[PDB]
Protein chains: 2
Amino acid sequence: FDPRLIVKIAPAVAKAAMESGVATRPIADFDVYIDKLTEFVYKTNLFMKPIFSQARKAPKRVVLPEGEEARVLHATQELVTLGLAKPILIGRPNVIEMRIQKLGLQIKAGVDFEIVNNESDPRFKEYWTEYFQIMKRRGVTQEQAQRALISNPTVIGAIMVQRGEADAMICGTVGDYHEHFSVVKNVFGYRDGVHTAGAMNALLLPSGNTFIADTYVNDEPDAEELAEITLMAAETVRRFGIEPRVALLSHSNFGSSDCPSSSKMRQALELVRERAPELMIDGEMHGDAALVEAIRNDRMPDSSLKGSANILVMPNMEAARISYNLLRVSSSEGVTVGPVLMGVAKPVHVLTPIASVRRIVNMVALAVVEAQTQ
Amino acid sequence: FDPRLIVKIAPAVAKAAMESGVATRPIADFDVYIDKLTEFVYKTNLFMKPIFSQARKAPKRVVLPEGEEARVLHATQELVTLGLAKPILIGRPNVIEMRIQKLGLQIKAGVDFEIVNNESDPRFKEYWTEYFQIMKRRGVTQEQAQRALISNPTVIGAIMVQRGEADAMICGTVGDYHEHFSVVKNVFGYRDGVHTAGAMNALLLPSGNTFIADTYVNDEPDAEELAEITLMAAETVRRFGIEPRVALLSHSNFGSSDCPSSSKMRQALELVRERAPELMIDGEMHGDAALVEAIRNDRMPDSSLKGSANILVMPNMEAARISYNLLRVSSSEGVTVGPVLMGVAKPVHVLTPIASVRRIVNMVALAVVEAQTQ
């Protein structure tokens, strides 16, 4: 799967065929040709195949709070088969076993995977006392903390990962995003060096693989919050292997509007450049100017952004969630990754009820891969 | 009046009665019995009694602007009899001498107390000139300063205390609190190192001696301002002899409601603990949790607050004045102290129009104590 294959083979084959003389059209501009095919590499990178393999080498414990949900169940089978992770499912053990039989999956409880019963667990008194000490001043009474552990699955898995019993967690298949996130933020805590949280959704597009943030965490992020979201996204995408091409999208194109939304972007651009100059980023720009290099070079010759951009940053969540939701059905491709939570101290992600099984599979993998490091 | 009397005598008697054998019911928990005795003596305290004695030791000069008002005159008599302070009443001498006779009081002008006539005074030229130099930049012309020295008695007394002719002043029996306070603030100035003022009103409650903060001065306090109010009050309560137990009240119970008011309180708790970690204080909480320790230990066991809390700091003036009014009618007895003004350099206090004659006597003695320091 090495991307460099088409980089060296196709030119070298072309150079020997011109020396052999059987070629009808000489590509005299070999360096331009080299630029053309390296661009094809850069647009389509799988960025999942290395992830899966890394998960296979070191599977980790992942808790899925909504264990009864059928989509979770379908993904648990593929996780056990591919040897990606050690799945811990939370829910009523009786309904899971019945649905497994109806689904026909070969996973066997206590063998292939472990189950934690939400209604009864020996580690109950310890857990509610642990959750209460975090949430006593945040409006959770002792009596409330108990009731939460019996009926809120997401809270149960959060306590495990913080304790150390579980390595990571994947939730959000049932419920609104902010319900699960609220649980996550108070329990795990912000990662050191960060004071804001970022959500990222990825769509393979004609322009290539493309990422969008922030989709659910912040409804109206301020300037410094955008800058921190940008830097984390550049770090995460560099891990995937795709070099980061950041574009701060806005209705204004390089100062066409002086309204506060555009002013917020420009300030963040200066903030990002001062914190880490290496990142390739230019803003603000129209949406189209970030993908078609032809349009951007006409508005901005000396733009530091080169080629189609892959990290599009949004001024407010509404523009993001409406863009990503409209593109997911206008691309019609493999799911790649879903809502990637950035900034949390522990390896956690929250999904949507519309999330497919492949998305849950891919996302559980992504988390196992995060858990290998500390 | 020594509080330590009941704490020591009763246990030794109890031990002697058990050794004698006449004790029908033994008390095995002697250390618990001491705790119940010490809690009773802290609740029913008489901080006013030492204040009178300290005032008797060194009577100081006190100015009362409303010398014609009947309630002040009754209080001048009992002050003269007690020997607490040397009164300097202000008003028309004829109306005072005629009311003195009408009220059947044995006080003579020029000997027991001193009258300063507002309409005519030898030092008139120095007073309105000094007032002008203080208020020339706050909208007071020379012509306005003259009429103001004759018309507003509170202005007259404020000038005296700043000159040093009188050691303190008590006012407010007629008129709005702020009519005198604004004069007090501009003339005396803020206490060194203090940039906001505080109004404290004391009540005798079943739970114990109880004070409320910011009853009249600030409609809405900054978190910084709330902090300085709390810190000053605990210092003043320590002067009375009561142990400072502080509680920040709010409509939210320990983060149950996230609003501007609750956020405002919590920030102050941090600000107070940094400036003085020794002060026992916890918030935010409901009122009942501040008084009934049982309720507080059930929602917050680790609370640093121990027992009934004596210093109640409130979020806004509106809730504080409403509470104080509704409590002074539902608490049977207790003349205690009137509205206490904190943060002003020269010793002074502003009273309510409905302040009882006992409250004028008490608040005059409180001022004499304050004048003995610096």
*Which value, in debye to the nearest 20, gives the size of the charge dipole of the stretch B:202-357 about its Cα centre, when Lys and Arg are +1 and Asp and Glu are -1 at the Cβ?*
460 debye
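Does the stretch B:155-251 come out rounded, prolate or oblate, given a ≥ b ≥ c as the square roots of the eigenvalues of its C-alpha gyration tensor, rounded meaning a/c under 1.5 and, failing that, prolate meaning a/b above b/c? Before the final figure, lay out each step's value.
Numbers: a/c = 1.80, a/b = 1.63, b/c = 1.10.
Since a/c reaches 1.5 and a/b is larger than b/c, the shape of the stretch B:155-251 is classed as prolate.
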_Beta bridges by DSSP in chain A, antiparallel share as percent, to the nearest 5_ = 25 percent
_How would the protein assembly as shown be classified by its alpha-carbon gyration tensor: rounded, prolate or oblate, with rounded meaning a/c under 1.5 and the a/b versus b/c comparison settling the rest?_
oblate
*asked:* Suppose only helical runs count, i.e. DSSP H with n ≥ 4. What mean residue ellipticity at 222 nm does that imply for the protein assembly as shown under -39500 (n - 2.57) per run, divided by all residues and rounded to the nearest 500 deg cm²/dmol?
replied: -15000 deg cm²/dmol
*Given charges of +1 on the Cβ of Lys and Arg and -1 on the Cβ of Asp and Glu, with all other atoms neutral, how large is the dipole of the stretch A:99-155 about its Cα centre, in debye to the nearest 20?*
200 debye
*Among A:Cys171, A:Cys259, which comes first, then next, by fewest other beta-carbon atoms within 10 Å?*
A:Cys259, A:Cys171
*At 7 Å out from Cα toward Cβ: A:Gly193 inter-copy label distances (nm, ascending)*: 4.1
*Once a ≥ b ≥ c are taken as the square roots of the eigenvalues of the Cα gyration tensor of chain B, is the result rounded (a/c under 1.5), prolate (a/b larger than b/c) or oblate (a/b not larger than b/c)?*
oblate
_Peptides B:101-109, B:242-250 ordered by average Cβ neighbours within 10 Å, highest first_ = B:242-250, B:101-109
*Counting only other chains, what is the mean number of Cβ atoms within 10 angstrom of the Cβ of each residue in peptide B:202-215?*
0
*asked:* Defining the label point at 7 Å along Cα→Cβ, can you sort the distances from B:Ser257 to the same site in each other copy, shortest first, in nm?
replied: 3.8
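Per-residue Cβ counts within 10 Å, from other chains only, averaged over A:137-144: what number is that?
5
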*Counting DSSP beta bridges in the protein assembly as shown, what percent are antiparallel, to the nearest 5?*
30 percent
*Give, rounded to the nearest 20 debye, the magnitude of the charge dipole that the protein assembly as shown has about its Cα centre when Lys and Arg contribute +1 at Cβ and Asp and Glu contribute -1 at Cβ.*
1180 debye
*Taking A:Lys15 as the anchor, which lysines have their alpha carbon closer than 22 Å to its alpha carbon, excluding any fewer than eight residues away along the same chain?*
A:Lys36
*Can you put B:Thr76, B:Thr173 in order of Cβ neighbours within 10 angstrom, beginning with the fewest?*
B:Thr173, B:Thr76
_Residues A:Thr210, A:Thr81, sorted so that the one with the fewest Cβ neighbours within 10 Å comes first_ = A:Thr81, A:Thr210
*Under a straight-distance cross-link criterion of Cα-Cα below 30 Å, which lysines are reachable from B:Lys57, leaving out those fewer than 8 residues away in the same chain?*
B:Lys8, B:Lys43, B:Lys49, B:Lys86, B:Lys108, B:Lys185, B:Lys346
*Distance from the Cα centre of the stretch B:184-236 to that of the stretch B:98-112, in angstrom?*
36 Å
_Placing the label point 7 Å from Cα along the Cα-to-Cβ direction, what are the distances from A:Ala23 to the equivalent spots in the other copies, shortest first, in nm to one decimal?_
11.1
*Between B:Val361, B:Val194, B:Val348, which gets the highest mean-square fluctuation from a Gaussian network model of chain B, Cα cutoff 10 Å?*
B:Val194
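Every residue, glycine among them, receives a Cβ derived from its backbone with ideal geometry; neighbour counts consider all protein chains shown. Each reported figure results from applying straightforward, stated rules to the coordinates on display, with no laboratory input.
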